[PDB]
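Quick note: residue numbers are just sequence positions, from 1. Every number for a ligand or one of its atoms is a count from 1 in the order of the listing. Computation of the quantities below employed the complete heavy-atom set of this structure, encompassing side-chain atoms and omitting hydrogens, waters and symmetry-equivalent molecules.
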Amino acid sequence: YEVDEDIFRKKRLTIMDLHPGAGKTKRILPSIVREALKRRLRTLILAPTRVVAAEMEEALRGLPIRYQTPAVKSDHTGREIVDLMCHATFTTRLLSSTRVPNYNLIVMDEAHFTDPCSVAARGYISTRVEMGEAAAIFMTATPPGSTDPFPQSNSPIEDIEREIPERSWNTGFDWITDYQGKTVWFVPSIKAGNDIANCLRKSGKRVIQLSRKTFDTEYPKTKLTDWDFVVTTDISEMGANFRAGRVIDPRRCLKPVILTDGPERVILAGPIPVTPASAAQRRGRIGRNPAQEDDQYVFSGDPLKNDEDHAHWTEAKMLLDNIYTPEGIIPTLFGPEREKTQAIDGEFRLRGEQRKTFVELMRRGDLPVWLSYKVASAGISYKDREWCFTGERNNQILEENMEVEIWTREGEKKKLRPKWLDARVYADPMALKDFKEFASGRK
Ligand SMILES: Nc1ncnc2c1ncn2[C@@H]1O[C@H](COP(=O)(O)OP(=O)(O)O)[C@@H](O)[C@H]1O
Ligand SMILES: [Cl-]
Ligand SMILES: [Mn+2]
């Protein structure tokens, strides 16, 4: 692969939108890094997930790569070194340090990731590019704005449109279990995944479940051959490689929405249709192997473009408005994503301890951006957990249709009733478990 010379020039942002599997991560990336080093550029590589980052550092092992952990706010050497980190790690460091290096070449892989930390990162990056302080490459077949759900592939894909179960089934879906080979099944939620996986397991199928929280331990198991089904949330759209012959995709997802009628709260709306980019990335899990031309994409429904009510857009602004810049400037969203919110640049900016608490609630507290923002801008200290118990009766959190009760750090049994309700902290057993740990003052 021959690298273009102009992509290393400051004020240039290159959208590397080669089709899924074309060789963006595996082939051109090491070529770009080596060429960046030759030019003595201060280089940053951004991976969507910890797993993908680990694959990058394994592949770039011969080069002066340094993986950067979010447990560390900055890490500067007096040496020629390429920094490697997750999208979210970059955004956290921007919020928590003034010692963020002045990278003049930034590569964001799987730059289609729509999680707020990634949207915020693209905002900061593009701002630096447009200010003439950096060159950046966004690697993704589906850049922000894409609407082709059936892009080019390395090998032919059989696109099959048919009814897909939303829940456990007894009969009428023989084609699912009769299939000889491996399947990746995209589900709209973890608990939808729990039910589907349970159904497949009672049929004697070996299934691995994937979600954001379990991705690190569960994904490596898919690299072995002792499995029939992967049941996964949208997280697998971000550079997850499966050696499988089929994707099952009912093209559905949950969408966080900030509601403003009465007390502000985040709900999880849907299931709703995925975006055409998401559908393409799910489909793009297969058709990757030149030697295997039998791959199937089994789908249901049309994708939906309009996602302007997605909470991730205002959450991205809450992050961006609090990002430290050398000049003191407020960075704006990436061009094509500016339309997604009506927020006035800088309206979410916090000062002093409130800004510090905002960051702490996200990184140490594991809370969503919106929820962290509401607590921090209320003037509440990080260790002060009273808000988890002082909400209105409607804010009572249920588990198995019964009221959740928590032992506090002071040793009192209080009903879990937060002042601010964000559906994501009680969306599934694991999220609730983590949030109970927060409410009981255990982190
Ligand atoms: N660990 C691996 N070993 C061998 N081949 C791989 C590995 N990971 C990916 N590939 C293959 O390399 C090709 C390009 O992959 P990649 O660079 O990830 O595509 P993309 O352009 O989507 O980033 C694909 O055909 C893929 O199947
Ligand atoms: Cl998830
Ligand atoms: Mn890739």
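Taking the six-membered ring wherever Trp is involved, the centroid distance between the rings of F435 and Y426 does not fall below 6.0 Å. The six-membered or imidazole ring of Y219 lies near that of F242, with a centre-to-centre distance under 6.0 Å.
Put simply, atom 5 (N) of ligand 1 has no protein non-hydrogen atoms near it, under 4.0 Å away. Under the 4.0 angstrom criterion, atom 13 (C) of ligand 1 counts as having a protein heavy-atom contact. Per-atom contact check: atom 24 (C) of ligand 1 touches the protein, criterion being a heavy-atom distance below 4.0 Å.
Between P20 and ligand 1, no N or O atom pair is found at a separation short of 3.5 Å.
Residues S74 and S97 meet the side-chain proximity criterion, which asks for heavy atoms closer than 4.5 Å.
Checking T140 against the Mn ion (ligand 3), every N/O/S atom stays at or beyond the 2.8 Å cut-off.
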Legend entry - Verdict with supporting geometry, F334 and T127, side chain to side chain contact (heavy atoms under 4.5 Å, CB included): CA-CA 8 Å; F334 178 47; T127 297; over 6 Å; no

Inset, instruction - Please assess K182 against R243 for the test side chain to side chain contact (heavy atoms under 4.5 Å, CB included), listing each intermediate value before the final yes or no. - result: CA-CA 8 Å; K182 300 196 198 304; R243 302 197 173 181; over 6 Å; no

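Shortest contact from atom 2 (C) of ligand 1 to any protein heavy atom: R243 NH2, 4.2 Å.
When the options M139, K26, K223 are ranked by their closest heavy atom to atom 17 (O) of ligand 1, first place goes to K26.
Rounding to the nearest 0.5 Å places CD1 of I267 at 4.5 Å from CG of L259.
Short contacts between ligand 1 and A22, defined as distances under 4.0 Å to a heavy atom of the residue, involve ligand atoms 19 (O), 21 (O). Within the listing of ligand 1, atoms 24 (C), 25 (O) sit less than 4.0 angstrom from a heavy atom of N154. Interface of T25 with ligand 1, defined as ligand atoms under 4.0 Å from a residue heavy atom, comprises 17 (O), 18 (O), 23 (O). Using a 4.0 Å cut-off to heavy atoms of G21, the atoms of ligand 1 that qualify are 13 (C), 14 (C), 19 (O), 20 (P), 21 (O), 22 (O), 24 (C), 25 (O).
Checked against the Mn ion (ligand 3), the N, O or S atom of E110 at the shortest distance is OE2.
For the salt bridge (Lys or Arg N to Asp or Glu O under 4.0 Å) criterion with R283, the lone passing option out of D159, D295, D249 is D159.
Residue-ligand proximity: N289 is placed with every non-hydrogen atom at 4.0 Å or more from ligand 1.
For the pair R246 and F229, the cation does not sit on the ring face, since its NZ or CZ is not both under 6.0 Å from the ring centre and inside 45° of the axis.
No part of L29 comes within 4.0 Å of ligand 1, judged by heavy-atom distances.
Taking a cutoff of 4.0 Å between a charged side-chain nitrogen and a carboxylate oxygen, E437 and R442 do not qualify as a salt bridge.
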